[PDB]
Amino acid sequence: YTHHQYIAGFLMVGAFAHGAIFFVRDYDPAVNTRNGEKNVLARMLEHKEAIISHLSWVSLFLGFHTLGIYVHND
Amino acid sequence: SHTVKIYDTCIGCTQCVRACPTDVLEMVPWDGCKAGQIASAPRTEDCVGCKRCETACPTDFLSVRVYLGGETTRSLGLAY
Amino acid sequence: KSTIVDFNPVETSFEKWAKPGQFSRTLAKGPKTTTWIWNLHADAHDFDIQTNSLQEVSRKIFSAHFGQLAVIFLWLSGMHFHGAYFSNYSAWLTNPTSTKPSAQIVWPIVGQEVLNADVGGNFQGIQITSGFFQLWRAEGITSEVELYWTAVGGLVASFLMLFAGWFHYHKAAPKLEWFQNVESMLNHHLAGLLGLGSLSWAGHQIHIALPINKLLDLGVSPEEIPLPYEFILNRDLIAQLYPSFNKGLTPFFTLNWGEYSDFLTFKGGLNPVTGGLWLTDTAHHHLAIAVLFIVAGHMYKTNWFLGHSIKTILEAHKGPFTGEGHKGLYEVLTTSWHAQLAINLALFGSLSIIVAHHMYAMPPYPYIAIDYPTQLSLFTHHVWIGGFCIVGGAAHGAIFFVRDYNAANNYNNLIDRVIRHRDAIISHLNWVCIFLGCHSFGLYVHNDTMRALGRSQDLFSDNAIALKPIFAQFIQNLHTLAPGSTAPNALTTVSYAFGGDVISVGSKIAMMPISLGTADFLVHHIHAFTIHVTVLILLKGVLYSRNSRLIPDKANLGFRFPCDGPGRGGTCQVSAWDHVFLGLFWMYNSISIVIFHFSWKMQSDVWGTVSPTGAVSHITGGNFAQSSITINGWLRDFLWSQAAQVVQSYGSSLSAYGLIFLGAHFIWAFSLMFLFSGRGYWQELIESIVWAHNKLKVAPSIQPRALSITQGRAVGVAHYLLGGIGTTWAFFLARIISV
Amino acid sequence: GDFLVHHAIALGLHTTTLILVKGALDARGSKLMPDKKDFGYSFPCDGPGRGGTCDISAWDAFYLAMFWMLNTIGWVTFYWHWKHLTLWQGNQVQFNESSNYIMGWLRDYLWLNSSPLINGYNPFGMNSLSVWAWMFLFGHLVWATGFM
Amino acid sequence: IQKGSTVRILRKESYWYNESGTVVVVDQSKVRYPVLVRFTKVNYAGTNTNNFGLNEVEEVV
Amino acid sequence: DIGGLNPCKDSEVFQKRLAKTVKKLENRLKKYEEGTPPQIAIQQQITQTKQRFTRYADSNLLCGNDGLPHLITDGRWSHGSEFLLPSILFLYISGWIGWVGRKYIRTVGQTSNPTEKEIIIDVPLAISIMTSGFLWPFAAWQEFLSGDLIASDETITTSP
Amino acid sequence: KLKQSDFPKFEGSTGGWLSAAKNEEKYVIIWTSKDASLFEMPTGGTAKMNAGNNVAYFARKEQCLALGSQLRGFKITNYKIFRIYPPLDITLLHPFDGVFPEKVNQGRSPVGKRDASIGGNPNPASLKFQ
Ligand code: CLA
Ligand code: CLA
Ligand code: CLA
Ligand code: CLA
Ligand code: CLA
Ligand SMILES: CC1=C(/C=C/C(C)=C/C=C/C(C)=C/C=C/C=C(C)/C=C/C=C(C)/C=C/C2=C(C)CCCC2(C)C)C(C)(C)CCC1
Ligand SMILES: CC1=C(/C=C/C(C)=C/C=C/C(C)=C/C=C/C=C(C)/C=C/C=C(C)/C=C/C2=C(C)CCCC2(C)C)C(C)(C)CCC1
Ligand SMILES: CC1=C(C/C=C(\C)CCC[C@H](C)CCC[C@H](C)CCCC(C)C)C(=O)c2ccccc2C1=O
Ligand code: SF4
Ligand code: SF4
């Protein structure tokens, strides 16, 4: 179980790292855009601030309250 | 050696040239700004990559850009 | 129009209180980003950049010293007030060996009243490990009324120091020439402060502490002991305990000082009743110290044709190997506050560590050697303070080199010649650090791998390849033979740690010969190695603070800057501040190892109980000799074994120690976020957070910016130190209070 | 206890995803570096200018998210191993009671079950678990060298 | 646009992109970026002004 | 009942916990003397422990096999005082805080020196705004309707 | 005492050049001073100028330029920096056209100038495999 979960975490981090690499060196905005309008992938860079802000909110929410309940029990 | 590029947003304020520690940048005549001068990078073989040049740049997103590249004993700052 | 002070230099007004950052030229314009807030506190006490005049900096420093002394006096007044009102000091006086000192009671809220422990003497509260009860007993304080009056005096003194600071900044500020009278200052601090303080304390001991403590040790209850003033008005209450006061001061003025041998003794060892140093020995010590310091205060020429000039002394100490010698050092130390701070802080931390050693080595207070929590806490606290102060001295030496160092004024002197061969110093210190670390730690690892491989005869142990600290054992033998041979007027060795008998008070060991074997060899060399690496980091910071082969103009970047850029392969942390940051880390490592060695060695081979027939049983049972030679031994028989009390403290009166254990772990792990990450990621995340705020029209006008690189490092190191020191604090306190 | 640890796992997953998604989306540029795509996936920084640009590349986002992945997998594996140790030993009441607070974890999982491991070799002898104690110390040493 | 006019920044690589600034002076010479705009929010370098081209600023009504 | 739990009023382990805590407190009480403040404090501890256990028993609280109150937060109003009512209370208080903060930010954002009024608070205006947050649910659903709650395109965006 | 009479009165430091500035390249800075001012070496400590011709050798161009920047504080401007290859291959470096790089001089052509801002840079995906 430990081996497979560690391999799983490694693979997930690698998937996201290679997505970032694709953004850096393989992504072409012209291909993902037709007459100003952007396709499903290019639109992920338009509300990127919304995505990051809501990920930050969820992380802060869960961390604050999980740590709060754990420390309350402590 | 590193690569240094100058962009026409240059206002010719000379702060990049007087901040270079290895005499890479110099001011040359130009007609694209009020000062009539633009920065140049004719001695990039001495560029060390310290990026003091673009710390002194007042333009919005810089007019001098340093792209780190292949390393050399001059660019690595090796006294040995 | 006095020649030493300026009258009414600064007006007492609240106008500048409402203008934050008024001191700084850059911060006075007002905040535009959140970096301004952090810069406000980082430059508050940097008086060098607030004024261009040494006089103004000196006056600010003088008033800040007064404020600090007022704070210290308030803290002492609070301690005495807690002893007077929220303590069991009276109960502890009648039963020092069976009542645990407590001077802080906890309010009954949210179930926290469990922290009020069963300290004894019909009292509930938090056990105190600062040793105030023993100190007060040594002072002759036998009532809580005296503690209350000392607290009132402390409050009055704190107000007086506050008024003095205000007066000497706003009403009569001294001039630069007054501050630069280092000869007069040294004369006064040596004679008046040190010598007259020792003399006054010797007088207090002789007239108050000597009789009261002698009566206490004789079994007289504190209620029937006469009030301290009666020992002065009546020469018969003190002449019964010490039958030499009947002659008055005539033996003193007739040079017949042998008559005062009743209360000015030279005995050594410890009082068999209390386990502390003989207070007659302490009074004689303070008297001798007073005379020596008063004599030493008449050395430097101040206002007459008499004494020394420090300039002439330094300038005459040249040599073939040192060029101009100490020429210019007087100008350095009379024109730079940072150099004085460096020297004073380094020697002050070293003095604190020496104090910590001599404390447990020769317990100076009654019933403090058998209070193991007090001894452990005092040693660890003083060693921590010493390490911090030493790192601060190194930091301010680097600051002096960056800011106040003048190359022209230091031509071919000692400072110049040190910088001229900094490479040799740093390279040889690097080699020494590698040698010491390789040896000490690799001997530890060799022991660990030999034990793991089932080869017990290949270890660096006593029953194996043995590394006997013969030099230290020779010194131990020399001290235990000193009384009667080299100290012929001594009756006992200075400390029983060097050898002698086991001293026990109430079946608890006070002091005992500390045997040194191969386990002490390895840990002592570990101490030497860690100290050498810390010195390496700090000395590299000081010497390379102005220039290097990487950055030939590092002095133009200041003392505190993050880098010079990603070029030259990367120029992170080249400052001198970034060396006080790494040196802080390594000081934490060294001091942690030192206090671990002390705790384990004392618990395993000094502290414990003595059976009526004379059999000594220790807290752990002598496992230090054979199990402190491997890292697995330290992990298991010390950390895992003695952490049992901390983890099992929940539901008991020590549960606060477990909570602080967990919280310090949390803070230490929190530090690694700042230590491992970088500013760009956090700035770009704040970008999206700011986007959300702007979308909801709630973006602050003060633009939020991620902490600067230097501030990120400072936050990381501060959290790391707090977490580690707090974890060790909770671990030590819970372990040594439980057992 | 399962509820609280599952929420901890969710927090770890969300934070690792936040770091990785932020690095992926901000890979092509941001306000601090609107030309980050011109510097590639992995570069040290953009210099001390503009307030400081440490760890600004997309590679640095992976580097930071590796710590959070390790922490999340550690939480998951700690939960699984403690639950199954209590199930196999039979004292499932030990987990159900002590798993709701952090000191319960620290005392009853780590401190409790680390006793057989550290006694893989002692000043008295050794067991077949001696290699595991050596690997324990080796892992601690490599961890702290990483800290270096 | 003229002195005192309010414009929106259309330069993408700008700390004030999509934001509104105040025009300080529009140069009448043959310079490449004549429009000088002052902003209330300082950028990451601390500056609060920048020169923009004629096609990189859009006047607010 | 819900999730296999049982009411704490009929949980034997709950009463065992109460008895053990009271016994420990009384044993601690035995080592002090007469009506001395330590005995008074321990007696107050015993009384508070008994009151807390009695209140938890008579509180519609479900206890597990460990004799500790478990919270039923699936949303049912039967156990609504455990999560739902505190949830509403916190939502009200936190919305109050956020609303007054946002109103103060937007109010001093239209003055000559917006940044000065953030380190040096305009206490009169701050007090005026803070006591006006009791209508934050109504104010929020009166500013969202007018379009004054959300910005549209003056918000800044990165290069991609 | 010293090899050349124009050397600054420096006592020598273990921070000077190494074997690199004997087989790869060394840098020499020359200047004339009116006074025997005491200045700080870029490598070690304090040296004394000569009231006349002064010549100093360093291992890096940055060291010579740091020394020259220090010289400007002494109102010294005529300092000139040269690069010397393993043999006597002298090349004037810093006052390349006799005018400091901060002052515009006719006869200089722009090197590394792009006729667009940062936003005009090509997309990296279009710069693959060249
Ligand atoms: C099948 C999966 C797969 C594939 C095909 C690739 C392929 C690639 N990756 Mg990638 N990656 C993967 C999984 C994968 N990765 C995962 C799972 C992660 C997350 C950890 C990453 C994270 C990652 C990053 C962050 C980067 C790449 C990069 C690259 C490219 C260059 C690789 C390189 O230079 O290697 C270099 C190989 C090494 C440096 C060797 C490292 C060996 C490590 C340290 C382990 C060795 C220690 C070993 C355990 C010793 C034991 C100690 C003992 C005491 C017990 C290449 C296209 C790089 C790139 O530029 O892409 C364009 C880049 O920056 N990848
Ligand atoms: C015998 C005379 C004497 C004595 C006792 C002291 C004592 C002290 N001086 Mg001091 N000083 C003296 C002469 C003296 N000085 C002279 C002649 C000069 C001129 C060169 C200075 C210049 C000087 C400076 C520039 C500084 C000191 C500081 C200090 C303090 C060091 C902190 C310490 O150890 O805490 C021990 C603390 C105590 C024992 C508390 C009780 C001490 C009280 C306040 C008695 C102080 C004696 C005072 C000089 C009497 C003047 C009263 C006034 C009405 C005239 C200490 C209180 C430093 C300090 O902390 O500043 C405040 C500091 O920065 N002194
Ligand atoms: C006599 C002691 C002494 C004195 C007078 C000074 C004085 C000074 N130091 Mg200094 N220093 C000291 C000891 C001292 N230091 C020690 C022991 C160290 C080693 C850690 C240092 C390390 C150091 C560095 C690295 C730097 C200074 C700097 C400075 C200057 C500016 C200080 C400032 O504005 O801070 C204002 C005060 C603060 C910002 C307070 C910060 C809060 C601290 C870090 C946390 C304390 C936590 C506390 C223990 C409570 C935690 C409990 C928790 C549960 C809450 C000033 C001349 C700086 C400078 O530029 O010098 C010119 C600088 O860069 N010092
Ligand atoms: C456990 C983690 C760890 C370890 C092992 C070290 C080790 C060391 N640090 Mg440190 N350091 C650490 C954490 C650690 N650090 C952290 C967390 C920080 C952050 C603040 C620092 C910051 C720091 C600074 C700032 C400095 C050091 C320095 C040193 C070196 C001192 C010289 C020495 O003893 O070398 C000897 C090496 C050892 C003792 C390591 C073990 C070697 C074994 C026991 C013997 C040889 C084994 C053999 C060769 C194996 C061969 C087989 C193999 C090929 C398979 C040493 C390499 C100093 C330095 O550069 O050196 C002078 C220095 O200036 N460190
Ligand atoms: C008081 C005004 C206020 C308001 C209305 C908001 C509103 C918001 N913040 Mg926020 N924030 C504030 C202050 C405020 N914040 C402050 C002062 C900080 C610095 C610690 C942050 C740090 C912050 C982060 C890091 C994040 C948010 C996020 C968010 C959004 C989701 C809610 C959330 O996660 O709460 C977050 C709340 C906190 C972390 C605690 C705030 C600290 C106190 C309680 C607020 C200050 C009170 C203030 C002093 C009152 C003074 C007013 C008075 C003078 C009249 C939402 C737009 C998240 C987001 O973007 O999601 C979309 C997110 O990731 N905020
Ligand atoms: C409940 C249930 C169910 C359902 C289930 C489901 C529906 C699931 C789903 C799941 C899912 C749905 C999952 C997902 C996941 C995802 C992920 C994991 C992702 C990741 C991502 C990534 C990693 C990305 C990457 C990238 C980037 C970053 C950009 C560029 C491109 C790419 C793509 C490369 C059923 C009915 C069957 C039955 C049982 C019950
Ligand atoms: C505890 C404490 C306190 C208190 C303190 C005190 C109380 C002190 C005292 C002190 C004192 C009370 C001191 C005294 C001193 C004195 C002296 C120091 C004297 C001297 C004298 C002399 C020196 C003389 C000499 C001579 C002459 C000149 C002539 C004749 C001959 C002869 C020789 C005799 C307080 C509250 C603050 C705070 C807290 C802590
Ligand atoms: C998180 C983080 C930030 C962001 C951190 C910020 C913006 C600090 C925010 C502090 C808040 C706003 C105030 C403090 C709030 C605390 C609750 C108060 C402290 C607790 C008291 C008990 C002392 C950096 O700027 C940074 C820079 C360089 C390296 C690493 C990091 C880094 O890790
Ligand atoms: S890096 Fe920037 S500063 Fe250093 S040389 Fe090249 S251009 Fe001049
Ligand atoms: S930012 Fe971090 S890495 Fe980039 S230069 Fe400054 S310090 Fe070196």
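Rules used throughout
Residues numbered from 1 in each chain as written, not as in the entry; some residues may be left out. Chains lettered and ligands numbered in written order. Part of a larger assembly, values for the part shown. Heavy atoms only, no water. Residues with missing side-chain atoms left out of burial classes, pairs and counts. Near = heavy atom within 4 Å. Polar contact = N/O pair within 3.5 Å; in protein donor to acceptor, adjacent residues only side chain to side chain. Helix = DSSP H or I, 4+ residues; strand = E, 2+ residues; numbered from the N terminus. Core = buried A, V, L, I, M, F, W, Y, C linked by side-chain atoms within 4.5 Å. Buried < 20%, exposed > 50% of the residue type's maximum accessible area, 1.4 Å probe, protein only. Contact = heavy atoms within 4.5 Å. Expected span 1.5 Å × (residues − 1). Patch = residues over 30% accessible without salt bridge, like charges linked within 9 Å, V, L, I, M, F, W, Y side chains within 5 Å. Areas by Shrake-Rupley, 256 points an atom, 1.4 Å probe, with all protein chains shown as cover. Salt bridge = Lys/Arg side-chain N within 4 Å of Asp/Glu carboxyl O. Pairing = 2+ DSSP bridges.

- For this deposition, the record names cryo-EM as the technique by which the model was determined and cites 2.88 Å as its resolution.

1. Here's the deal with the site of ligand 2
Residues and elements named next belong to chain C.
In step 1: Not every one of the 15 residues close to ligand 2 is listed here, only the nearest: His 65, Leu 69, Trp 178, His 188 and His 189.
In step 2: Between an oxygen atom of ligand 2 and a side-chain N or O atom of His 65, the distance comes to 2.3 Å.
In step 3: Between ligand 2 and the protein, one listed contact pairs a nitrogen atom with a side-chain N or O atom of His 189 at 3.3 Å.
In step 4: Those elements that place two or more of their residues in the shell around ligand 2 are α3 (54-85), α7 (176-179) and α8 (182-217).
In step 5: The greatest single-element share of the shell around ligand 2, amounting to six residues, is contributed by α8.

2. Brief notes about the nonpolar core
Within soluble globular proteins, side chains that are nonpolar generally end up buried alongside one another.
In step 1: Core analysis: the largest hydrophobic core is formed by 122 residues, its most contacted members being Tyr 89, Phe 263, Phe 379, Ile 415, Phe 559, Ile 595 and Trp 607 of chain C.
In step 2: Dropping the residues within four chain positions of it, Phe 263 of chain C is found in contact with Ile 206, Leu 210, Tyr 242, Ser 244, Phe 245 and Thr 280 of chain C.
In step 3: In this structure, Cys 33, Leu 62 and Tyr 67 of chain B together with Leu 32 of chain D belong to the second largest nonpolar core, which totals 42 residues.

3. With respect to helix α14 (residues 337-361) of chain C
In step 1: Between its first and last C-alpha atoms α14 of chain C spans 35 Å; for 25 residues at 1.5 Å apiece the expected length is 36 Å, and the two agree.
In step 2: Its buried side turned inward, α14 of chain C meets α2 (47-50), α13 (329-335), α15 (372-403), β6 (508-511) and α20 (578-605) of chain C.

4. Concerning a nonpolar patch on the surface
Residues and elements named next belong to chain F.
In step 1: Taken together, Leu 89, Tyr 92, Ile 93, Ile 97, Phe 134, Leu 135 and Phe 138 make up a surface patch of nonpolar side chains, about 680 Å² in accessible area.
In step 2: Tallying contributions element by element places helix α3 (residues 84-108) first for the nonpolar patch, with four residues.
In step 3: In this structure, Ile 97 sits in helix α3.
In step 4: Residue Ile 97 is classed as exposed on the basis of its relative accessible area, which comes to 56%.

5. Looking at the pattern of salt bridges
In step 1: A full pass over the atoms with the stated rule returns 54 salt bridges over all chains.
In step 2: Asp 26 of chain A is paired through a salt bridge with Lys 128 of chain G; the nearest N and O atoms lie 2.6 Å apart. Highlighted residues: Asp 26 of chain A in the loop between α1 (2-25) and β1 (33-34) and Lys 128 of chain G in the segment after β7 (113-114), drawn from two different chains.
In step 3: By relative accessible area, which is 35% here, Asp 26 of chain A ends up partly exposed.
In step 4: By relative accessible area, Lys 128 of chain G is classed as partly exposed at 35%.
In step 5: The residue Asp 520 of chain C makes a salt bridge to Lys 601 of chain C at a minimum N-O spacing of 2.9 Å. Residue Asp 520 of chain C is found in helix α19 (residues 518-543), and its partner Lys 601 of chain C is found in helix α20; the two are separated by 81 residues along the sequence. For the pair formed by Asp 520 of chain C and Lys 601 of chain C, the shared burial category is buried.
In step 6: Connected through salt bridges with shared partners, the residues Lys 51, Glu 54 and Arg 65 of chain B together with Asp 35, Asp 46 and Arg 50 of chain D form a single ionic network.

6. Digging into the sheet that holds β7 of chain G
In step 1: Sheet architecture is open: three strands sit in the order β4(B)-β1(B)-β7(G), paired in mixed fashion. Where the open sheet ends on each side, the last strands, each with one partner, are β4 (64-67) of chain B together with β7 of chain G.
In step 2: Taken together, the two bridges between strand β1 (residues 3-7) of chain B and β7 of chain G define a ladder with parallel strand orientation. Counterpart to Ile 6 of chain B in the pairing with β7 of chain G is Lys 113 of chain G.

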